[PDB]
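Only one structure is covered here, and it is reproduced in the block below.
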Amino acid sequence: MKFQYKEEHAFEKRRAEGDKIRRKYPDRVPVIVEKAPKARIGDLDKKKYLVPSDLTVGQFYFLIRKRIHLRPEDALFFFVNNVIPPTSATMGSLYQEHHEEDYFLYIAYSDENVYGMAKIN
């Protein structure tokens, strides 16, 4: 997973922005959300989110599903450093555990969970 936000903005500019956001909004965390490349699912209009630290991952799933207009029966998975976060975790806790050196949390989303199926060849 290569994030386009990182292709569009150099590291030092990203780190300055992420640091500034966390100081300006200490009760929020900055998050980059992008589609896994070969995922078969709708796109997001915005990559950069400022999220309440106490929002749960489950709540964030609901909001991202709504932004792409998914039906309830459609699947959606988040990946942070290739691990699927639990829905009960807060976005703040996920940020503190996994944010990168630019002070952003990076989430990839997909229609598919590799971990849940056995691909033969």
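FYI, nothing fancy with the structure tokens labels: chains A, B, ... in order, residues from 1 per chain, ligands from 1 as they appear.
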Go through region 27-91 of chain A and collect every residue that DSSP, computed from the backbone, puts in strand (DSSP E); the answer should be as an MDAnalysis selection string. chainID A and resid 28:35 48:52 77:79
I'd like the neighbourhood of region 39-55 of chain A as a VMD selection string, where a residue qualifies if any of its atoms comes within 10 Å (using only C-alpha atoms), though same-chain residues fewer than 3 positions away should be ignored. chain A and resid 3 to 5 21 to 22 25 to 36 58 to 60 64 to 65 67 to 70 74 to 76 88 to 96 104 to 112
Could you turn the residues from that selection into a file that holds N, CA and C atoms, as a compact mmCIF listing (two decimals), in the first residue's frame?
```txt
# COMPACT_ATOMS: atom_id res chain seq x y z
N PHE A 3 0.26 5.25 -0.23
CA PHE A 3 -0.78 6.26 -0.10
C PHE A 3 -0.46 7.45 -1.01
N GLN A 4 -1.48 7.92 -1.73
CA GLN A 4 -1.28 9.05 -2.64
C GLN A 4 -1.03 10.35 -1.89
N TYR A 5 -1.57 10.49 -0.67
CA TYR A 5 -1.28 11.68 0.14
C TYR A 5 0.22 11.85 0.32
N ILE A 21 -1.72 20.28 13.67
CA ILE A 21 -3.10 19.85 13.91
C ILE A 21 -3.26 19.31 15.32
N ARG A 22 -2.31 18.49 15.77
CA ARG A 22 -2.43 17.90 17.09
C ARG A 22 -2.31 18.96 18.20
N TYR A 25 -5.79 21.08 17.92
CA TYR A 25 -6.97 20.32 18.29
C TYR A 25 -6.59 19.11 19.12
N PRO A 26 -6.25 19.29 20.40
CA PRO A 26 -5.70 18.17 21.18
C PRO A 26 -6.70 17.05 21.44
N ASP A 27 -7.99 17.31 21.25
CA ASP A 27 -9.04 16.31 21.40
C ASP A 27 -9.39 15.63 20.10
N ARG A 28 -8.60 15.83 19.06
CA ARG A 28 -8.82 15.23 17.75
C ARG A 28 -7.52 14.64 17.23
N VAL A 29 -7.64 13.76 16.24
CA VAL A 29 -6.48 13.18 15.56
C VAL A 29 -6.60 13.26 14.04
N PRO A 30 -5.52 13.54 13.31
CA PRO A 30 -5.58 13.60 11.85
C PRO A 30 -5.34 12.24 11.24
N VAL A 31 -6.18 11.92 10.26
CA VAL A 31 -6.24 10.57 9.68
C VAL A 31 -6.30 10.71 8.17
N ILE A 32 -5.47 9.93 7.48
CA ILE A 32 -5.53 9.77 6.02
C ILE A 32 -6.22 8.44 5.72
N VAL A 33 -7.27 8.49 4.90
CA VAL A 33 -8.06 7.30 4.55
C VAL A 33 -8.05 7.19 3.03
N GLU A 34 -7.54 6.06 2.52
CA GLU A 34 -7.49 5.82 1.08
C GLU A 34 -7.89 4.38 0.75
N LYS A 35 -8.35 4.20 -0.49
CA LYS A 35 -8.80 2.90 -0.95
C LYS A 35 -7.60 2.02 -1.26
N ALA A 36 -7.64 0.78 -0.76
CA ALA A 36 -6.68 -0.21 -1.19
C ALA A 36 -6.73 -0.33 -2.71
N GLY A 58 -15.77 1.70 15.24
CA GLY A 58 -17.09 1.36 14.72
C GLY A 58 -17.87 2.58 14.23
N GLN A 59 -17.84 3.68 14.97
CA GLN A 59 -18.50 4.89 14.51
C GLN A 59 -17.86 5.39 13.22
N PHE A 60 -16.52 5.34 13.13
CA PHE A 60 -15.85 5.83 11.93
C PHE A 60 -16.19 4.97 10.72
N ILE A 64 -17.63 6.49 7.22
CA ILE A 64 -16.99 6.24 5.92
C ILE A 64 -17.91 5.45 4.99
N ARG A 65 -18.64 4.47 5.52
CA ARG A 65 -19.61 3.75 4.70
C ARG A 65 -20.62 4.71 4.12
N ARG A 67 -20.24 7.90 3.49
CA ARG A 67 -19.63 8.78 2.50
C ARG A 67 -19.48 8.10 1.15
N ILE A 68 -19.30 6.78 1.13
CA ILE A 68 -19.24 6.06 -0.14
C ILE A 68 -20.58 5.46 -0.55
N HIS A 69 -21.62 5.63 0.26
CA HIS A 69 -22.99 5.25 -0.08
C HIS A 69 -23.18 3.74 -0.15
N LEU A 70 -22.50 3.04 0.73
CA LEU A 70 -22.65 1.60 0.79
C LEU A 70 -24.01 1.23 1.37
N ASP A 74 -23.32 -4.54 2.24
CA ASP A 74 -21.99 -4.47 1.63
C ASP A 74 -20.91 -4.49 2.70
N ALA A 75 -19.79 -5.12 2.40
CA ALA A 75 -18.67 -5.21 3.32
C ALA A 75 -17.74 -4.00 3.20
N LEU A 76 -17.08 -3.68 4.31
CA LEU A 76 -16.02 -2.68 4.32
C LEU A 76 -15.05 -3.03 5.43
N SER A 88 -14.23 -1.63 18.72
CA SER A 88 -14.39 -1.02 20.03
C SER A 88 -13.28 -0.04 20.39
N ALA A 89 -12.16 -0.06 19.67
CA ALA A 89 -11.07 0.86 19.95
C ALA A 89 -11.48 2.29 19.62
N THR A 90 -10.91 3.26 20.33
CA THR A 90 -11.14 4.64 19.94
C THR A 90 -10.14 5.04 18.85
N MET A 91 -10.53 6.05 18.06
CA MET A 91 -9.62 6.57 17.03
C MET A 91 -8.38 7.18 17.67
N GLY A 92 -8.55 7.80 18.85
CA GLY A 92 -7.39 8.32 19.57
C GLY A 92 -6.41 7.23 19.96
N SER A 93 -6.91 6.11 20.48
CA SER A 93 -6.02 5.01 20.85
C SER A 93 -5.35 4.43 19.62
N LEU A 94 -6.09 4.28 18.53
CA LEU A 94 -5.48 3.78 17.30
C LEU A 94 -4.38 4.73 16.82
N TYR A 95 -4.66 6.03 16.87
CA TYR A 95 -3.65 7.02 16.51
C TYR A 95 -2.40 6.91 17.37
N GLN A 96 -2.56 6.85 18.69
CA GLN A 96 -1.41 6.79 19.55
C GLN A 96 -0.59 5.54 19.32
N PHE A 104 0.50 11.60 11.26
CA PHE A 104 -0.78 11.16 10.72
C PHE A 104 -1.00 9.66 10.96
N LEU A 105 -2.25 9.29 11.19
CA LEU A 105 -2.69 7.89 11.15
C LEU A 105 -3.14 7.57 9.73
N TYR A 106 -2.70 6.42 9.20
CA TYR A 106 -3.02 6.00 7.84
C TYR A 106 -3.91 4.76 7.87
N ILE A 107 -5.07 4.86 7.23
CA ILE A 107 -6.03 3.76 7.14
C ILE A 107 -6.28 3.48 5.67
N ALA A 108 -6.14 2.21 5.29
CA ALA A 108 -6.55 1.73 3.97
C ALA A 108 -7.90 1.05 4.13
N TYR A 109 -8.79 1.22 3.17
CA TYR A 109 -10.07 0.51 3.20
C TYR A 109 -10.27 -0.37 1.97
N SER A 110 -11.00 -1.47 2.16
CA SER A 110 -11.24 -2.41 1.09
C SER A 110 -12.60 -3.06 1.25
N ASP A 111 -13.04 -3.69 0.15
CA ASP A 111 -14.23 -4.53 0.17
C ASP A 111 -13.91 -5.94 0.62
N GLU A 112 -12.64 -6.28 0.75
CA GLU A 112 -12.20 -7.65 0.95
C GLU A 112 -11.27 -7.73 2.15
```
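Taking CA of residue 115 (chain A) and CA of residue 79 (chain A) as endpoints, the distance between them is 11.2 Å.
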Just list as a ChimeraX atom specification whatever in chain A DSSP marks as alpha helix (DSSP H). /A:4-8,11-24,57-68,91-98
Export, as an mmCIF file, in the first residue's frame, the selected residues with C-alpha atoms.
```cif
data_model
loop_
_atom_site.group_PDB
_atom_site.id
_atom_site.type_symbol
_atom_site.label_atom_id
_atom_site.label_comp_id
_atom_site.auth_asym_id
_atom_site.auth_seq_id
_atom_site.Cartn_x
_atom_site.Cartn_y
_atom_site.Cartn_z
ATOM 1 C CA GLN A 4 -1.282 9.048 -2.637
ATOM 2 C CA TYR A 5 -1.285 11.678 0.136
ATOM 3 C CA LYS A 6 2.394 10.791 0.602
ATOM 4 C CA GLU A 7 3.117 11.095 -3.127
ATOM 5 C CA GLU A 8 1.423 14.527 -3.173
ATOM 6 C CA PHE A 11 7.500 14.254 4.428
ATOM 7 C CA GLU A 12 8.577 17.510 6.077
ATOM 8 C CA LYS A 13 5.399 19.292 4.971
ATOM 9 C CA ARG A 14 3.266 16.399 6.224
ATOM 10 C CA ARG A 15 5.044 16.315 9.596
ATOM 11 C CA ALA A 16 4.688 20.081 10.090
ATOM 12 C CA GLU A 17 0.984 19.868 9.324
ATOM 13 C CA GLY A 18 0.358 16.825 11.529
ATOM 14 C CA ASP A 19 2.208 18.401 14.435
ATOM 15 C CA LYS A 20 0.290 21.649 14.028
ATOM 16 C CA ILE A 21 -3.096 19.852 13.908
ATOM 17 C CA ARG A 22 -2.432 17.897 17.093
ATOM 18 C CA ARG A 23 -1.459 21.082 18.947
ATOM 19 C CA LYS A 24 -4.404 23.084 17.610
ATOM 20 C CA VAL A 57 -13.547 2.718 15.070
ATOM 21 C CA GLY A 58 -17.094 1.364 14.718
ATOM 22 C CA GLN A 59 -18.501 4.890 14.506
ATOM 23 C CA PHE A 60 -15.849 5.828 11.935
ATOM 24 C CA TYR A 61 -16.730 2.786 9.837
ATOM 25 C CA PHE A 62 -20.351 4.003 9.834
ATOM 26 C CA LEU A 63 -19.341 7.490 8.671
ATOM 27 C CA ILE A 64 -16.986 6.244 5.924
ATOM 28 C CA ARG A 65 -19.607 3.745 4.704
ATOM 29 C CA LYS A 66 -22.068 6.615 4.469
ATOM 30 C CA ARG A 67 -19.629 8.784 2.498
ATOM 31 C CA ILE A 68 -19.237 6.059 -0.139
ATOM 32 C CA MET A 91 -9.622 6.566 17.032
ATOM 33 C CA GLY A 92 -7.387 8.323 19.566
ATOM 34 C CA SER A 93 -6.018 5.014 20.853
ATOM 35 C CA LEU A 94 -5.477 3.779 17.299
ATOM 36 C CA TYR A 95 -3.652 7.020 16.506
ATOM 37 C CA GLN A 96 -1.410 6.788 19.554
ATOM 38 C CA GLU A 97 -0.488 3.190 18.760
ATOM 39 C CA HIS A 98 0.017 3.444 15.006
#
```
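The two atoms in question, CA of residue 1 (chain A) and CA of residue 81 (chain A), are spaced 9.2 Å apart.
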Find the distance between CA of residue 99 (chain A) and CA of residue 117 (chain A) and write it in Å to one decimal. 28.1 Å
